[PDB]
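J.: Hey, dropping data.cif in here, mmCIF, C-alpha atoms:
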```cif
data_entry
loop_
_atom_site.group_PDB
_atom_site.id
_atom_site.type_symbol
_atom_site.label_atom_id
_atom_site.label_comp_id
_atom_site.auth_asym_id
_atom_site.auth_seq_id
_atom_site.Cartn_x
_atom_site.Cartn_y
_atom_site.Cartn_z
ATOM 1 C CA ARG J 1 -21.786 19.143 0.309
ATOM 2 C CA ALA J 2 -19.091 19.894 -2.268
ATOM 3 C CA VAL J 3 -18.204 17.674 -5.226
ATOM 4 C CA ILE J 4 -15.441 19.984 -6.444
ATOM 5 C CA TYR J 5 -12.507 21.162 -4.331
ATOM 6 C CA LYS J 6 -13.197 18.468 -1.737
ATOM 7 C CA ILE J 7 -9.567 18.389 -0.606
ATOM 8 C CA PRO J 8 -8.853 18.019 3.136
ATOM 9 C CA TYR J 9 -7.056 21.333 3.636
ATOM 10 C CA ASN J 10 -7.859 21.447 7.353
ATOM 11 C CA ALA J 11 -6.326 17.995 7.799
ATOM 12 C CA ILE J 12 -2.950 19.476 6.868
ATOM 13 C CA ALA J 13 -3.395 22.662 8.894
ATOM 14 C CA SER J 14 -4.242 20.557 11.946
ATOM 15 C CA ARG J 15 -0.762 19.029 12.064
ATOM 16 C CA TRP J 16 1.006 21.879 10.270
ATOM 17 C CA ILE J 17 -0.340 24.363 12.815
ATOM 18 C CA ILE J 18 -1.665 24.139 16.372
ATOM 19 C CA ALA J 19 -4.052 27.083 16.687
ATOM 20 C CA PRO J 20 -7.795 27.576 17.310
ATOM 21 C CA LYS J 21 -10.312 27.980 14.486
ATOM 22 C CA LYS J 22 -10.279 31.392 12.803
ATOM 23 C CA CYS J 23 -12.248 33.152 10.066
#
```
Could you write out this structure as structure tokens?
T.:
Amino acid sequence: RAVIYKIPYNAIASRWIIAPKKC
């Protein structure tokens, strides 16, 4: 879990970009 910095960044990247997961 994460109390701090719990912002849905992936939610924006999902629509903003259409590519497979990467690390």
J.: Distance atom CA of residue J:19-atom CA of residue J:4, one decimal place?
T.: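 Going from atom CA of residue J:19 over to atom CA of residue J:4 covers 26.7 Å.
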J.: For residue J:10, find every residue with an atom within 12 Å (counting only C-alpha atoms), except residues of its own chain fewer than 5 positions away, and show them as a ChimeraX atom specification.
T.: /J:15-22
J.: May I have the centre and edge lengths, in Å to one decimal, of an axis-aligned box around the listed atoms of stretch 9-13 of chain J with 4 Å added to every side, as AutoDock Vina command-line options?
T.:
```
--center_x -5.4 --center_y 20.3 --center_z 6.3 --size_x 12.9 --size_y 12.7 --size_z 13.3
```
